[PDB]
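K.L.:
Sharing a structure, written as structure tokens. Questions coming.
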Amino acid sequence: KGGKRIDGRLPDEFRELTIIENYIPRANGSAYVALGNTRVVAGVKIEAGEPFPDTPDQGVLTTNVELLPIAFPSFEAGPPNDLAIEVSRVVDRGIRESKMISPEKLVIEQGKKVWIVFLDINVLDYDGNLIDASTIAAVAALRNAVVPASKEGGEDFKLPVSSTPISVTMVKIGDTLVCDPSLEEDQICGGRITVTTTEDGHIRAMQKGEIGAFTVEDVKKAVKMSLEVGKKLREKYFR
Amino acid sequence: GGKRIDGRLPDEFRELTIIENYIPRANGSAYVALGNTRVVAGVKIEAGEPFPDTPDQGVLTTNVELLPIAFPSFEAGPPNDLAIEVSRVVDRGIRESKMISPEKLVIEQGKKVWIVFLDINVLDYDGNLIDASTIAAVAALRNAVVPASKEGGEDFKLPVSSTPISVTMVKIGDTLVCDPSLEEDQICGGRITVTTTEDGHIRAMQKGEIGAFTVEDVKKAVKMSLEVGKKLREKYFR
Amino acid sequence: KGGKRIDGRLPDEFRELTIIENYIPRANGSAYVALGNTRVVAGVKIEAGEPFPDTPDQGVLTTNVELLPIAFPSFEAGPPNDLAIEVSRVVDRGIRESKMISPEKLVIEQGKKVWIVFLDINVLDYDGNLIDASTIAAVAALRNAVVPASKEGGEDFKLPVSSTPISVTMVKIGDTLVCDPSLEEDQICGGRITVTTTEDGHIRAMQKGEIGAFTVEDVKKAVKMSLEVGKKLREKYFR
Amino acid sequence: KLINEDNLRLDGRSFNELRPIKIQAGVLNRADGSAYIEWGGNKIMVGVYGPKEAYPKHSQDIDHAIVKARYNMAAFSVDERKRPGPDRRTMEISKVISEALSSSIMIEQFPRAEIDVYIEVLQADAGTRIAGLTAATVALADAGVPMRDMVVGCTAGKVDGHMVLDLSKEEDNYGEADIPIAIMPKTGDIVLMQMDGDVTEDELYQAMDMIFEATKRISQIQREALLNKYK
Amino acid sequence: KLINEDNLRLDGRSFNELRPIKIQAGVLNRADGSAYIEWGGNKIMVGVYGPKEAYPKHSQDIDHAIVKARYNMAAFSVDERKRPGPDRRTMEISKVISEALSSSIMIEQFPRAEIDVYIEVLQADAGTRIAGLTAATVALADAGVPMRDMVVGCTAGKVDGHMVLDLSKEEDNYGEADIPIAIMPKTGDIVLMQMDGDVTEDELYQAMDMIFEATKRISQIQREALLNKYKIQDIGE
Amino acid sequence: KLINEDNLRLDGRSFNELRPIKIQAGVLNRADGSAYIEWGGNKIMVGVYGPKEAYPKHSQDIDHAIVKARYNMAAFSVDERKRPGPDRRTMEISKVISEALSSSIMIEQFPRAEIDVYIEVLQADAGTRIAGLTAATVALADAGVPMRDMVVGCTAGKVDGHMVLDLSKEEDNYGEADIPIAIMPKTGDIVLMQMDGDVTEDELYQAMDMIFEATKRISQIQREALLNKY
Amino acid sequence: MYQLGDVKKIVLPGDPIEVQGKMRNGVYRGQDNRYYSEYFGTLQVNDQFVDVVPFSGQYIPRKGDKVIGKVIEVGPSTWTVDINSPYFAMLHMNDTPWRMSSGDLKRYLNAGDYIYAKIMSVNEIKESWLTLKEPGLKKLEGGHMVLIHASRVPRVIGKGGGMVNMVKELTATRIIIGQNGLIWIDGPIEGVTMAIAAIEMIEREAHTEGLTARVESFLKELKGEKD
Amino acid sequence: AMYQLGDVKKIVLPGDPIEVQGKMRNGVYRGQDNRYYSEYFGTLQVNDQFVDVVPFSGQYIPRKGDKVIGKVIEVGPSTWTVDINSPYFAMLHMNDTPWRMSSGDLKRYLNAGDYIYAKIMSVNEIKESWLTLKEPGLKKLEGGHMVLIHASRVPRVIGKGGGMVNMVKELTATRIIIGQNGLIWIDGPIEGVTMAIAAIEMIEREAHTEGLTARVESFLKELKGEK
């Protein structure tokens, strides 16, 4: 009614965030993220491995997002992997295409050994908007970079972080587009759109999800909002 | 009644259309439609490690996919038993006919050989998958094209030393017919497949489905399979 | 009850055992064992392979117990794998922790070739107490040692067997602890305990299974009974 | 290493030029509706089964029908032999296509029903997922499945600073962006939209109009593929 | 490198000579019907359970019963250790034995029913697929499963231009052909037939005739194994 | 090669010293009951759903409920990245915990029901399986699942001839024995007990007494956990 | 812009329908309050109604049709019958000639038995209720089931049923044809082959005159050619 | 020909020819040559006029009148499905119970997994059994221990007039219910159940001795005296 969503949030406001870097210390880098009552923990494990034969002078980054049955009553009924896989690919597309990692500097022995960066995100608690929460957690975990070069001689250095991709997922309540949808709003309307943006104002990844269609105006407003709440977010938690 | 449910006589096949090099991004490929049964075979040849027992020989691996696009009832059933039987039956015909000559597929004796992947996707099921897969399989191996330029060497034609033609037969009433349509495939339980090469030899046989055959029936199936195998070889595999 | 079970057996008595070495003559070692009406046959397959990177100077032993659907009517209804896995781990545990194999003597070229000991146990008939039946079969089969060293040059020798671990399963019928339960006794009482012992009086392995509890005294009685009946079993068949 | 020489792409097309596109509908015999498409190197078969009630009643859904599209790639369909069966990539495609098709199919007309769409890509060039969606609407009108529109779509992206249309395999792997979009031509509503790479707000809005104007050239093919059945 | 010197096989048999065969029925305790077979090096256990009214989704096919024969190989049963569980070969054998048995089991007498035949080969020599079916009919008769006949069969093949019977593992691997066949003895009807390799029309018929002759001797080993279990004494076989 | 020089363990503890243990209850939002536990290097999240009716009725068991505890390890929880999903080890752990939990849960009060216990290890030191079970009872009481007792347990084992308590990952891999035990504190009844390695009867009883002494202190840490939350 | 005197212009899904009359099956109202085609099909106009018949199948059942169906599920009081339609049809125990108590439905009809029934009603969601009480409706036991396109059923029966009856005597077989395209055939082991062979000839070639005369000649030749 | 006896005309295998005059009954099938052949491995028992083949098997055939113990496997809206250890599950209608329930209330009285002592009301041709609980003494079984034995040894375990089964009860201090299907319900003290089991297994295994009563009574007294 009063310009506000089902909660006090305005159309461009996210829920409360809590980011806890180095939550799993025995990993090379890690981050716990709470977005309202959505809770995930991302973990990065860096290991020396063989690069792909086609790109021999580049390290590898593989992403995997686990929808643990603890996170929702309905989980393991289904559990449809379709949602859990989709989030892995969107989160990985945003991280990959933002060139956040800079994977040419992850070469140990050209064409034989590179640094493989496993990014695994375990969802512990589900309250809507898994895509944005997962991306935040992944970003934060990649900033505790700590690549173990000491096992390969060398020198422990910080995995290079070249950008800050912030993904924003948006849904259409009535005639108004809102962002960071809660679990009520995520089911209230069919159709979401996620837009991942870097601090240079570039769009790095997009993904329309769920059943439903969006006008061209909606898409224009979603790109504009994602850049605008994406800028606000970048300064507040990733200074 | 002296003729089948269609115009076909007991030894007549359905219309065949063979298309070589249907998948040009495959090393060898062939689309076959046998009536309304449609499959496309695709051969992908790659360098790999040989089996430890035979380090001076190439590998031939066969797989036949019964895609759910191919029949409404698929996932009712769909029995995986059937898809696997056809892969083993088809592979048996190619292997035992010595079509491939897998000794010439050696790159570095005991380290690197040529792996010949024969993958047959079934797109439309109207009976007799076995013969249709063999026809697609035989033809696809005749676009031989082994990529020896990737291992230095020189791209040569994968040796094909024989032309096995598999023939599947059922007994409708008191008459044995071959190439059963789906309708005839269900009108009588029990089919028999006999694969023959051009030397008059029998290279592979297989009794399938529930049902029995008399000793004479198996004797008629062999005579008919050799005979219609000869017609087929001269018409499409000269 | 008054010193007898449902059969004539006393609380510390096993069923009739028949152990048959070299039952599968085409394997490196084999043994068929019947414990009452529980029948399993273990088979040992020895092959050259690469050792684990952490232990490059040790051979490998991998154990597996198949509860074949042939062995029980309700088998493949379920089939709950939980029971089949537990037995494979528990059986493995006795053999491994007793150090029966001496897996350092199975090294061909240090860090490149060792001997892989496949110990596979098929259950054909289930009449209770799989653990003890599997262990007897496993131990006996390892004693047709026959490692094919002529295939790596060398000389076919007898795989070294350094101890004789005997596993004993116990349940509480009423107020008395009995061992080697039949299938009927296995269902009259929730709660079983396995204690694997060596001829030196050492305990190599223990496992409490099934739903139910045992008091400390019960655990104390079972250790003594397993040691004692394990000594009896060792002398009769494993001279 | 670079993609264009004369404002000419490696394959010789201008910036907004489509690859060759063929569509024949009704090629399959068993399927209720079918459509074969050739889009560049892409050869894709689509067959459509349904609508029917689900048996057993467990998977049933009382509001509307269920669109179950399955995208599968043949083992000989990609550069190196791929293991048959779905993977993380084909599962993400089958979902995204199922969601778009659910938006044009009049899903409320068959409650508790299921609609199977089997997309078998037999040889794959780039942008493969859209040729199957383009063929899915052709197979669906062949099957009598009610739709409020015929979904159609095309790719765009950034290559050497220029926004191009219908990227080729080379342009996809080494170019700067890929934007697959599928729309409902009547309304312009987007029912499928993904995006990879690096693009400014301006270039994305440029890319969209390019796709939007390619949809008219594509829809004509679809409409001509069903129109050849009678004649 | 050759299999014969004096028209004698590596193991000493004439051409149409069987390897040693044993069958004991009713050896398993839990199974409704059971049979053990030793055929040369083959050691195979068979268990039969059923018929029952089943349960699972679209398994309530109303015409007849379902013969779910499952052929499984122990990990220690073959030359090199094999991974436990079924594979592509064991699933092909499981079908072909199920098809054969569905022709002798009087399958119409139990509609909506299910019949399990678990065939567990503990040690394999060649021709394993026949040895299990041959024991399966015994296990089905031991269980009171109605049958119209006792399916029995034998292997044959070409070794160095000669047609021989009951091929050995060495004769299977290095021979020219292998032909496993199973029949219904009353009628001579073939329910199971495969063939691998290279053979002429004449040689194939000669190999068929050899298998039919062997089924006479194999049928008798099956019968006596049933007779033996609950005593024999006085005559009437 | 050896774990001790001055009768001091690699981390400085005496023989019968527990590693530090924390437990916080009610930390999940969706789960009916929850518990976070920190036990030395171990970080384990436990969530409880249920008791509710089973669907489909096929898996239904009709005397009592079924305790389905599922033990999963996060991919980043162990030394090297491990592929997500259960394996032979985690299935065995899920069973042995499901069984122990069944002895304290009043299972008969909910026939045909299911009780889900999800144990998600985010970071694993040794003895993981007791750590989840000890946290599991807290979640169960946090969810109102009736119990007749609060299960608690601890590890012990032999390292260089000395019997030690709550072994670390290093002492577990290279020590001589490992004995995980879980009990019902009212009665002292053992609901979970395993044993690996080489030990004499005398040492085995010594190890048990040491474990029983530690559970008094751990059970209080469980009590506190539930206390604060309300 | 286009369109003929009476059959207008063949449409595609979403083509706008700017024609006066009562919109009926195949036309939906867009968000712009215009009407658009739901199907790929033919726009059919009569003085009162505007439709788009599609070039499709998926036979819809309408009240009165006599159909063959396979029973798929046996309920406590009802049978679920697949009538080759998007929805399964229901046969209540009270629409049968059998006196049964609830749960005894398995004594009379089990799943998979084929029945020749009549459509009692079709609700808005196209769910059908069946009956077997009228004369001639019965369980079908034995024989061979054949499926043809439901649009080909009226020609195979023929005017007044002449064609279908004519075959029966020529084929020495009993044949029952359901409006959903399922055809029940049971005769001798041979006559089933001719009856099938005739139906496919009739299905494929339905549009020619003298269709009666071919089938008679075709069937007479098939009897002679082995003799 | 072959050897035959004077009233039990020789042992037979599946497919053995049966050259005896009389009305062929269960166990015999007619082959394609119009001769009769044995369906089972068993004895060619030939009674007056009728000619059966009894087999050497188990799989208890339930016939009308037998009192059986069964486990409820499914709760329907109007019937319970009960497994009676027979090739087909048996049905218990709600109207064949002494309980007043409305339809759908079946779970208040009998759930799945529950054991019942009922009587076989009827056996149709397919061996499908209908049950009842209305007669006195038939009831739901709560608590206790269930034992399975071969049904062919049940008649000796019950004994003439129920002597054996009663005699055990007092020595064993337990309540015991025996089904004709081989299921026996036992519930006593935690001890009493143990003796009762030990006795039945001796009776089933040693069901040939004439002095069975004696041993079983003494064996129970010996287990009794030893406490």
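By order in the structure tokens, chains are A, B, ...; within a chain, residues start at 1; ligands start at 1, following the order shown.
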Once chain A sits on chain C after a least-squares Cα superposition, all atoms in order, what's the RMSD?

P.N.:
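Fitting chain A to chain C over paired C-alpha atoms yields 0.4 Å.
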
K.L.:
Pull the closest atom pair for each residue of chain B that gets at most 10 Å from chain D, along with the distance in Å to one decimal, counting only C-alpha atoms, ordering rows by chain and then ascending residue number, as a tab-separated table.

P.N.:
```
residue	atom	partner	partner_atom	distance
B:22	CA	D:123	CA	9.3
B:23	CA	D:123	CA	6.5
B:24	CA	D:123	CA	8.6
B:25	CA	D:79	CA	7.0
B:26	CA	D:76	CA	6.0
B:27	CA	D:76	CA	8.9
B:28	CA	D:76	CA	9.5
B:29	CA	D:76	CA	8.7
B:36	CA	D:29	CA	6.5
B:37	CA	D:29	CA	8.7
B:38	CA	D:28	CA	8.8
B:40	CA	D:122	CA	8.4
B:41	CA	D:76	CA	8.4
B:42	CA	D:76	CA	5.5
B:43	CA	D:76	CA	6.7
B:44	CA	D:81	CA	6.0
B:45	CA	D:81	CA	8.3
B:46	CA	D:80	CA	8.2
B:63	CA	D:84	CA	9.0
B:64	CA	D:84	CA	9.7
B:65	CA	D:84	CA	8.0
B:67	CA	D:120	CA	8.1
B:68	CA	D:118	CA	6.8
B:69	CA	D:118	CA	5.3
B:70	CA	D:30	CA	6.9
B:71	CA	D:30	CA	5.8
B:72	CA	D:31	CA	6.6
B:73	CA	D:30	CA	9.9
B:117	CA	D:81	CA	7.7
B:118	CA	D:76	CA	8.6
B:119	CA	D:75	CA	6.5
B:120	CA	D:75	CA	8.6
B:121	CA	D:74	CA	7.0
B:123	CA	D:28	CA	8.1
B:124	CA	D:30	CA	6.5
B:125	CA	D:30	CA	7.2
B:126	CA	D:30	CA	8.0
```

K.L.:
Which of region 31-163 of chain E counts as strand (DSSP E or B) under DSSP, as number ranges by chain please?

P.N.:
E: 33-39, 42-52, 66-73, 105, 114-123, 147, 152-159, 162-163

K.L.:
Using N, CA and C atoms, can you write the selected residues to a file as a tab-separated table (two decimals), in the first residue's frame?

P.N.:
```
chain	number	residue	atom	x	y	z
E	33	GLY	N	12.49	-72.22	-3.95
E	33	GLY	CA	13.04	-73.33	-4.71
E	33	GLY	C	14.47	-73.00	-5.00
E	34	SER	N	15.29	-74.03	-5.14
E	34	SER	CA	16.71	-73.78	-5.27
E	34	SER	C	17.35	-74.93	-6.03
E	35	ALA	N	18.57	-74.72	-6.53
E	35	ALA	CA	19.37	-75.70	-7.28
E	35	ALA	C	20.80	-75.23	-7.34
E	36	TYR	N	21.76	-76.09	-7.08
E	36	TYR	CA	23.18	-75.83	-7.34
E	36	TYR	C	23.70	-76.59	-8.55
E	37	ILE	N	24.51	-75.99	-9.40
E	37	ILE	CA	25.08	-76.70	-10.55
E	37	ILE	C	26.58	-76.55	-10.69
E	38	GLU	N	27.25	-77.63	-11.01
E	38	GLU	CA	28.67	-77.61	-11.31
E	38	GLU	C	28.83	-78.18	-12.70
E	39	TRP	N	29.29	-77.38	-13.62
E	39	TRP	CA	29.40	-77.75	-15.01
E	39	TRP	C	30.81	-77.37	-15.44
E	42	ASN	N	32.15	-74.23	-13.82
E	42	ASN	CA	31.09	-73.34	-13.42
E	42	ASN	C	30.52	-73.78	-12.07
E	43	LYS	N	30.37	-72.83	-11.17
E	43	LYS	CA	29.68	-73.08	-9.92
E	43	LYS	C	28.62	-72.01	-9.85
E	44	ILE	N	27.37	-72.43	-9.95
E	44	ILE	CA	26.26	-71.51	-10.02
E	44	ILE	C	25.15	-71.90	-9.05
E	45	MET	N	24.69	-70.96	-8.25
E	45	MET	CA	23.56	-71.07	-7.33
E	45	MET	C	22.30	-70.41	-7.91
E	46	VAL	N	21.18	-71.08	-7.86
E	46	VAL	CA	19.88	-70.58	-8.32
E	46	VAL	C	18.90	-70.57	-7.17
E	47	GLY	N	18.13	-69.50	-7.07
E	47	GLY	CA	17.06	-69.41	-6.08
E	47	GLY	C	15.81	-68.91	-6.77
E	48	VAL	N	14.68	-69.44	-6.36
E	48	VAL	CA	13.42	-69.03	-6.95
E	48	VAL	C	12.49	-68.57	-5.85
E	49	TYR	N	11.89	-67.39	-6.02
E	49	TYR	CA	10.88	-66.92	-5.09
E	49	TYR	C	9.66	-66.52	-5.89
E	50	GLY	N	8.49	-66.83	-5.37
E	50	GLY	CA	7.28	-66.49	-6.05
E	50	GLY	C	6.43	-67.70	-6.37
E	51	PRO	N	5.26	-67.46	-6.99
E	51	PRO	CA	4.75	-66.13	-7.38
E	51	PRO	C	4.11	-65.29	-6.23
E	52	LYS	N	3.93	-63.97	-6.35
E	52	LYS	CA	3.27	-63.14	-5.34
E	52	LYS	C	2.46	-62.04	-6.10
E	66	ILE	N	5.18	-62.26	-14.27
E	66	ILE	CA	6.42	-61.68	-14.75
E	66	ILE	C	7.59	-62.52	-14.27
E	67	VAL	N	8.39	-63.06	-15.19
E	67	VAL	CA	9.60	-63.78	-14.80
E	67	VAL	C	10.77	-62.79	-14.72
E	68	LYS	N	11.19	-62.41	-13.51
E	68	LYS	CA	12.32	-61.48	-13.35
E	68	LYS	C	13.47	-62.37	-12.95
E	69	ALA	N	14.14	-62.92	-13.95
E	69	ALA	CA	15.40	-63.58	-13.71
E	69	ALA	C	16.54	-62.53	-13.76
E	70	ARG	N	17.37	-62.52	-12.73
E	70	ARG	CA	18.50	-61.63	-12.58
E	70	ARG	C	19.78	-62.46	-12.53
E	71	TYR	N	20.65	-62.29	-13.50
E	71	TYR	CA	21.93	-63.00	-13.59
E	71	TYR	C	23.07	-62.15	-13.02
E	72	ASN	N	23.72	-62.62	-11.97
E	72	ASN	CA	24.70	-61.77	-11.32
E	72	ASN	C	26.01	-62.54	-11.14
E	73	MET	N	27.13	-61.87	-11.33
E	73	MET	CA	28.43	-62.52	-11.22
E	73	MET	C	29.18	-62.05	-9.99
E	105	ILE	N	7.66	-71.83	-18.18
E	105	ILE	CA	6.80	-71.57	-17.05
E	105	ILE	C	5.41	-71.38	-17.59
E	114	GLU	N	4.43	-62.03	-9.68
E	114	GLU	CA	5.85	-61.90	-9.97
E	114	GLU	C	6.62	-63.11	-9.46
E	115	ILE	N	7.58	-63.56	-10.28
E	115	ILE	CA	8.45	-64.72	-10.05
E	115	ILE	C	9.90	-64.30	-10.23
E	116	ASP	N	10.67	-64.33	-9.16
E	116	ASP	CA	12.09	-64.03	-9.15
E	116	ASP	C	12.97	-65.27	-9.30
E	117	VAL	N	13.92	-65.24	-10.23
E	117	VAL	CA	14.92	-66.29	-10.36
E	117	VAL	C	16.28	-65.63	-10.29
E	118	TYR	N	16.99	-65.81	-9.21
E	118	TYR	CA	18.30	-65.16	-9.02
E	118	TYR	C	19.39	-66.19	-9.34
E	119	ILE	N	20.21	-65.91	-10.32
E	119	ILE	CA	21.17	-66.89	-10.77
E	119	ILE	C	22.55	-66.38	-10.38
E	120	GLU	N	23.20	-66.92	-9.35
E	120	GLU	CA	24.45	-66.33	-8.82
E	120	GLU	C	25.65	-67.19	-9.16
E	121	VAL	N	26.35	-66.81	-10.20
E	121	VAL	CA	27.53	-67.55	-10.60
E	121	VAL	C	28.71	-67.15	-9.72
E	122	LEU	N	29.23	-68.13	-8.99
E	122	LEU	CA	30.31	-67.98	-8.03
E	122	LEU	C	31.63	-68.23	-8.68
E	123	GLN	N	31.65	-69.09	-9.69
E	123	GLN	CA	32.86	-69.25	-10.45
E	123	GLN	C	32.36	-69.55	-11.84
E	147	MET	N	5.29	-75.71	-14.85
E	147	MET	CA	5.98	-75.61	-16.12
E	147	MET	C	5.39	-76.64	-17.07
E	152	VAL	N	16.20	-77.20	-21.18
E	152	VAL	CA	17.57	-77.64	-21.01
E	152	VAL	C	18.39	-77.30	-22.24
E	153	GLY	N	19.71	-77.10	-22.05
E	153	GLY	CA	20.47	-76.69	-23.22
E	153	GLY	C	21.93	-77.01	-23.06
E	154	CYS	N	22.69	-76.65	-24.11
E	154	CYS	CA	24.13	-76.91	-24.19
E	154	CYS	C	24.83	-76.06	-25.25
E	155	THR	N	26.16	-75.89	-25.09
E	155	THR	CA	26.93	-75.03	-25.99
E	155	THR	C	27.69	-75.86	-27.02
E	156	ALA	N	27.92	-75.26	-28.17
E	156	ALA	CA	28.68	-75.93	-29.21
E	156	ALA	C	29.43	-74.86	-30.00
E	157	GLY	N	30.25	-75.27	-30.94
E	157	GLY	CA	31.05	-74.28	-31.62
E	157	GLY	C	32.10	-74.92	-32.49
E	158	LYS	N	32.89	-74.07	-33.16
E	158	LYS	CA	33.85	-74.50	-34.17
E	158	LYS	C	35.19	-74.31	-33.53
E	159	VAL	N	35.99	-75.36	-33.54
E	159	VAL	CA	37.38	-75.27	-33.13
E	159	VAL	C	38.26	-75.98	-34.15
E	162	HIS	N	36.68	-78.19	-36.89
E	162	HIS	CA	35.82	-79.22	-36.34
E	162	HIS	C	34.78	-78.60	-35.43
E	163	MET	N	33.57	-79.13	-35.49
E	163	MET	CA	32.48	-78.80	-34.58
E	163	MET	C	32.54	-79.65	-33.32
```

K.L.:
Fewer than 2 positions away in the same chain doesn't count, so skip those; otherwise give me all residues within 7 Å of residue 185 (chain H), counting only C-alpha atoms, as a VMD selection string.

P.N.:
chain H and resid 144 to 147 176 to 178 183 187

K.L.:
Skipping near chain neighbours, those fewer than 3 positions away, what residues fall within 9 Å of residue 12 (chain B) using only C-alpha atoms, listed as a PyMOL selection string?

P.N.:
chain B and resi 8-9+177-179+228

K.L.:
I need the contact residues of chain H against chain E, so if you could list those with any atom within 7 Å, counting only C-alpha atoms, and return them as number ranges by chain, that would help.

P.N.:
H: 3-4, 10-11, 14-15, 39-41, 55-57, 87-89

K.L.:
I need the chosen residues saved as a compact mmCIF listing (two decimals), in the first residue's frame, with C-alpha atoms.

P.N.:
```
# COMPACT_ATOMS: atom_id res chain seq x y z
CA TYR H 3 6.39 -98.28 -14.61
CA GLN H 4 3.21 -97.44 -12.54
CA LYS H 10 4.53 -93.12 -10.18
CA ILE H 11 6.48 -89.90 -9.63
CA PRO H 14 6.94 -81.26 -15.59
CA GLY H 15 6.17 -82.51 -19.08
CA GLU H 39 2.52 -79.54 -15.07
CA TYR H 40 4.46 -80.08 -11.82
CA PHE H 41 7.21 -82.12 -10.30
CA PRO H 55 3.41 -81.49 -6.39
CA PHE H 56 6.22 -81.49 -3.78
CA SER H 57 6.04 -77.77 -2.90
CA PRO H 87 0.28 -66.35 -4.01
CA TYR H 88 -2.49 -63.71 -3.89
CA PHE H 89 -3.41 -61.30 -1.21
```

K.L.:
When distances are computed from only C-alpha atoms, which of D:2, D:18, D:134, D:56 shows the smallest separation from chain E?

P.N.:
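Nearest candidate to chain E out of D:2, D:18, D:134, D:56: D:56.
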
K.L.:
Using only C-alpha atoms, select each residue of chain G with any atom at most 9 Å away from an atom of chain E, and give the selection as an MDAnalysis selection string.

P.N.:
chainID G and resid 110:113

K.L.:
Output the selection as a PDB file, in the first residue's frame - N, CA and C atoms for each residue.

P.N.:
```pdb
ATOM      1  N   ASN G 110     -10.827 -55.923 -14.336  1.00  0.00           N
ATOM      2  CA  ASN G 110      -9.505 -55.563 -13.875  1.00  0.00           C
ATOM      3  C   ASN G 110      -8.910 -54.529 -14.795  1.00  0.00           C
ATOM      4  N   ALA G 111      -7.781 -53.963 -14.362  1.00  0.00           N
ATOM      5  CA  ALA G 111      -7.084 -53.040 -15.233  1.00  0.00           C
ATOM      6  C   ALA G 111      -6.785 -53.750 -16.545  1.00  0.00           C
ATOM      7  N   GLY G 112      -6.720 -52.988 -17.640  1.00  0.00           N
ATOM      8  CA  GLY G 112      -6.195 -53.521 -18.874  1.00  0.00           C
ATOM      9  C   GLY G 112      -7.188 -54.283 -19.715  1.00  0.00           C
ATOM     10  N   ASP G 113      -8.311 -54.690 -19.138  1.00  0.00           N
ATOM     11  CA  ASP G 113      -9.382 -55.272 -19.924  1.00  0.00           C
ATOM     12  C   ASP G 113      -9.919 -54.169 -20.859  1.00  0.00           C
TER      13      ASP G 113
END
```

K.L.:
Show which residues sit within 7 Å of region 119-126 of chain C, as a list in words. Count only C-alpha atoms, and ignore same-chain residues fewer than 6 positions away.

P.N.:
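Selected residues are residues 37, 38, 39, 40, 41, 42, 43, 44, 45, 62, 63, 64, 65, 66, 67, 68, 70, 71, 72 and 134 of chain C; 28, 29, 30, 74, 75 and 76 of chain E.
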
K.L.:
Quick one: write out the picked residues with C-alpha atoms as a CSV table (one decimal), in the first residue's frame?

P.N.:
```csv
chain,number,residue,atom,x,y,z
C,37,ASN,CA,21.9,-72.1,7.7
C,38,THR,CA,23.8,-68.9,6.9
C,39,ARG,CA,26.0,-69.6,3.9
C,40,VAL,CA,28.6,-67.3,2.4
C,41,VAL,CA,31.6,-67.7,0.2
C,42,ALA,CA,34.5,-65.2,0.2
C,43,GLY,CA,36.9,-64.8,-2.6
C,44,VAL,CA,40.3,-63.2,-2.7
C,45,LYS,CA,41.5,-61.7,-6.0
C,62,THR,CA,39.5,-53.6,-0.3
C,63,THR,CA,36.5,-55.4,1.2
C,64,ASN,CA,33.0,-55.9,0.0
C,65,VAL,CA,30.0,-58.0,1.2
C,66,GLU,CA,27.1,-58.7,-1.1
C,67,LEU,CA,23.8,-59.5,0.4
C,68,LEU,CA,22.7,-61.2,-2.8
C,70,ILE,CA,19.0,-64.8,-3.5
C,71,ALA,CA,19.9,-65.0,0.2
C,72,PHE,CA,16.6,-63.9,1.6
C,134,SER,CA,31.7,-63.2,6.9
E,28,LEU,CA,19.2,-73.2,-0.3
E,29,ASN,CA,17.2,-72.6,2.9
E,30,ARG,CA,15.4,-69.3,2.4
E,74,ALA,CA,30.5,-62.6,-8.1
E,75,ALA,CA,33.4,-60.3,-8.1
E,76,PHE,CA,35.8,-63.2,-7.8
```

K.L.:
Pull out every residue of chain E that has at least one atom within 12 Å of chain F, counting only C-alpha atoms, and report them as an MDAnalysis selection string.

P.N.:
chainID E and resid 55:57

K.L.:
So which bits of region 72-223 of chain H end up alpha helix (DSSP H) when you DSSP the backbone, as a ChimeraX atom specification?

P.N.:
/H:106-109,154-158,163-172,192-205,212-223
